[PDB]
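S.K.: Based on what follows, work out the 3D shape:
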Amino acid sequence: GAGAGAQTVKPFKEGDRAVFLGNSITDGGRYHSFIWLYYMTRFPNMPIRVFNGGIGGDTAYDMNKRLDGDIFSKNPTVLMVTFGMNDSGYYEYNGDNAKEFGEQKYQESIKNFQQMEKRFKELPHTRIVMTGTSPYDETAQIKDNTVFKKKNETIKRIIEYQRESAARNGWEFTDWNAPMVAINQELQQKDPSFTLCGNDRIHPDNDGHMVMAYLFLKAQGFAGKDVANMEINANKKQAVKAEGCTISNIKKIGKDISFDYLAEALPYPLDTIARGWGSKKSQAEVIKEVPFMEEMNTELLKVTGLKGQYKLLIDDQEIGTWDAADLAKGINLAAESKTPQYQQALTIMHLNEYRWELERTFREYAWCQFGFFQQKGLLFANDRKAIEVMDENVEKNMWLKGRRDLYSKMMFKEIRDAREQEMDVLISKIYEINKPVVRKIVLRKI
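M.R.: Numbers count the residues shown, from 1 in each chain. Provided below are the atomic coordinates:
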């Protein structure tokens, strides 16, 4: 893989609380969940906590309003900050005063960001990471979806202001906008309708969020690092290579060879389901858009020794059949969904998705609090006057009416406690079952 030198953001370490502050891309998306999934499977003995701090519709103004009650309240040790998709504006780019509109939106955005910047400079023990938002895809050919011309240029201006602020203040910086635009160009060559940025050029689908996770992990220096790399010479019966693992009990019976494999990490599991209303591409689609398998999901098994065709079994489960030329080349166990460790990784992936859904309900509650109740002087009131004002407003506020049932549940402290306890149930299960166990690998010749 091609990274390690690509590191601009320090990796998370044991006990970190990494909060991803953002807008709807963060709020309703999974890139942060996919990043946590990486840390859960690759560093199973290094527990961390990731927090979704996105609220749909936010600009730098809204993010700044809610820093105390929604972001700093989570006590981040590492805080990622992304914005601009809403700040940049939309329809007026195709109107008469596009240039002046872009300039006014850029100025308003950095004015609000400066309020946030001042707050970040005052934090005593929080690593600040400016993360340039994913782009508005201006070049994709989407049916019946009209392009807001040059909107991503205002976005890029905001991201440059972020970069230079990070330089001044001693903060780290990484950018999704440029690499994702580049990938958009590259795959739009193959199909003009391809995009990392979803059906509306704005909100990435699961594949886009997995690319975003990939890029953030590469910025943390994980690109090019293998899940495990083992090389067994069949005629010598010792392991030539045992990177990220322990090889032992190499045995030869007739022309079959078997050994014990104890990995330090599990493979990265990829969801193949297009999850979400209107979703069309899965997390797994990431493999066709970036070198994800090669740079970050390589669990390489190389057996140089006798030749012919062999059947690979792990813990007595048939994985597939390969010629020993392929085996001597090396095969990627992380692409073989039938391995027991991949099934274990998938278990963790499903637990993590359940957790992500619970967290989203907390994000809906946060919208109720900062997108409605704060302006009514009722932030965190969670009382009868809160109920009264919400009732007075639901007939003229479609979004608030859609969340009244959820708010009637989540306004109770005891329910927020119980649902947090549920998230902790899932997180504890993940960090209980994510330890690789000794796996019995067999190459049976056919």
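S.K.: Could you double-check that residue 116 sits in contact with residue 66?
M.R.: No. Taking CB atoms under 8 Å as the contact criterion, residue 116 and residue 66 are not neighbours in contact, 10.6 Å apart. C-betas here are computed from N, CA, C, even on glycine.
S.K.: what are the phi and psi angles of residue 302?
M.R.: According to degrees, to the nearest 10, the main-chain angles of residue 302 amount to phi -120, psi 120.
S.K.: Return the residues in contact with it.
M.R.: Residues in contact with residue 302 (CB atoms under 8 Å, 6 or more residues apart in numbering) are 229-232, 241, 327-331.
S.K.: if you set the cut-off to 6 Å instead, what comes out?
M.R.: With contact set as CB atoms under 6 Å, 6 or more residues apart in numbering, residue 302 has these partners: 231, 330.
S.K.: can you check the one 3 residues further on too?
M.R.: Residue 305 is in contact with 233-235, counting by CB under 6 Å, 6+ apart.
S.K.: Just the ones in strands from those residues, please.
M.R.: The members of the contacts of residue 305 that map onto strands under DSSP state E are residue 233.
S.K.: Mind checking which of the contacts of residue 305 are buried?
M.R.: Among the contacts of residue 305, those scoring as buried are 233-234 (criterion: 16 or more other CB atoms under 10 Å).
S.K.: of all the contacts of residue 305, which comes closest to residue 180?
M.R.: residue 233 (42.9 Å; CB to CB).
S.K.: Residue 343 versus the closest one, what's the distance?
M.R.: The span separating residue 233 from residue 343 equals 29 Å under the rule CB to CB, to the nearest Å.
S.K.: can you confirm residue 184 is in a strand?
M.R.: No. The secondary structure assignment for residue 184 gives helix rather than a strand, going by DSSP: H, G, I helix; E, B strand; the rest coil.
S.K.: Hmm, it is touching residue 137, no?
M.R.: Yes. Here residue 184 reaches residue 137: they are 5.4 Å apart, a contact under CB atoms under 6 Å.
S.K.: The two: who's more crowded?
M.R.: Neighbours were counted for residue 184 and for residue 137 using other CB atoms under 10 Å; residue 137 has more, 26 against 22.
S.K.: wait, the more buried one sits on residue 197?
M.R.: Yes. A contact is recorded between residue 137 and residue 197 when judged using CB under 6 Å, the distance being 4.1 Å.
S.K.: wait, is residue 124 part of a strand?
M.R.: No. Residue state for residue 124 (three-state DSSP) corresponds to coil; a strand is not indicated.
S.K.: What ranges does the stretch 151-300 of the chain have for its strands?
M.R.: Taking DSSP state E, counting those that start in this stretch as the test, the strands found in the stretch 151-300 of the chain are 172-175, 228-233, 238-243, 245-253, 256-263, 299-304.
S.K.: Same list, those, but as CSV with distance to residue 445 please.
M.R.: Converted to CSV, the strands of the stretch 151-300 of the chain look like this (distance: least, CB to CB, whole Å):
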stretch, distance to residue 445
strand 172-175, 48
strand 228-233, 15
strand 238-243, 20
strand 245-253, 10
strand 256-263, 6
strand 299-304, 11
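S.K.: Return the distance of stretch 367-379 from the chain's centre.
M.R.: 28 Å (CA atoms, centre = their mean, to the nearest Å).
S.K.: Let me fix that, I meant to ask about stretch 167-186.
M.R.: On the basis of CA atoms, centre = their mean, the separation between the geometric centre of stretch 167-186 and that of its chain is 15 Å.
S.K.: cool, and stretch 346-353?
M.R.: Averaging C-alpha positions (CA atoms, centre = their mean) puts stretch 346-353 14 Å from its chain's average.
S.K.: Return the set of buried residues in it.
M.R.: Buried residues in stretch 346-353, counting neighbours by 16+ other CB under 10 Å, are found at 346-349, 351-353.
S.K.: Of those residues, which is the nearest to residue 37?
M.R.: Within the buried residues of stretch 346-353, distances to residue 37 taken as CB to CB reach their minimum at residue 352, with 5.3 Å.
S.K.: Quick check: the gap between the closest one and residue 305.
M.R.: Taken as CB to CB, the span from residue 352 to residue 305 is 38 Å.
S.K.: repeat for residue 2
M.R.: When distance is defined by CB to CB, residue 2 is 30 Å away from residue 305.
S.K.: Repeat that for residue 79.
M.R.: 51 Å.
S.K.: The residue nearest to residue 192 when sequence neighbours are not counted: how many residues sit nearby?
M.R.: The shortest distance from residue 192 to any non-neighbouring residue, by CB to CB, 6 or more residues apart in numbering, is to residue 141 (4.0 Å). As a burial measure, residue 141 scores 12 neighbours (other CB under 10 Å).
S.K.: How about residue 42?
M.R.: Residues near residue 42, counting by other CB under 10 Å, number 21.
S.K.: and it, what does it touch?
M.R.: The neighbours of residue 42, taking CB under 6 Å, 6+ apart as the test, are residue 265.
S.K.: Over to the one 4 residues further on?
M.R.: Under the criterion of CB under 6 Å, 6+ apart, the contact list for residue 46 reads residue 14.
S.K.: count of neighbours near the nearest residue to residue 159 once chain neighbours are set aside?
M.R.: By the measure of CB to CB, 6+ apart, the closest residue to residue 159 outside its immediate chain neighbours is residue 132, 3.7 Å from it. In terms of burial, residue 132 registers 25 neighbours under the definition other CB under 10 Å.
S.K.: pretty sure residue 132 is in contact with residue 175, am I right?
M.R.: Yes. Using CB under 6 Å, residue 132 is in contact with residue 175, at 3.6 Å.
S.K.: Might you quantify the distance of stretch 386-394 from its chain's geometric centre?
M.R.: Going by CA atoms, centre = their mean, the spacing between the C-alpha centre of stretch 386-394 and its chain's C-alpha centre is 36 Å.
S.K.: who's in contact with the residue nearest to residue 159?
M.R.: 159, 175-177.
S.K.: ok, so of those, who is nearest residue 295?
M.R.: residue 176 (16.6 Å).
S.K.: what's the distance between the closest one and residue 254?
M.R.: Computed as CB to CB, the residue 176 to residue 254 distance reads 53 Å.
S.K.: Look at those two and report which has more neighbours.
M.R.: residue 176 (24 against 7).
S.K.: helix, strand or coil for the closest residue to that one other than its chain neighbours?
M.R.: The shortest distance from residue 176 to any residue other than its chain neighbours is 4.4 Å, reached at residue 134 (CB to CB, 6+ apart). Three-state secondary structure (criterion: three-state DSSP) places residue 134 in coil.
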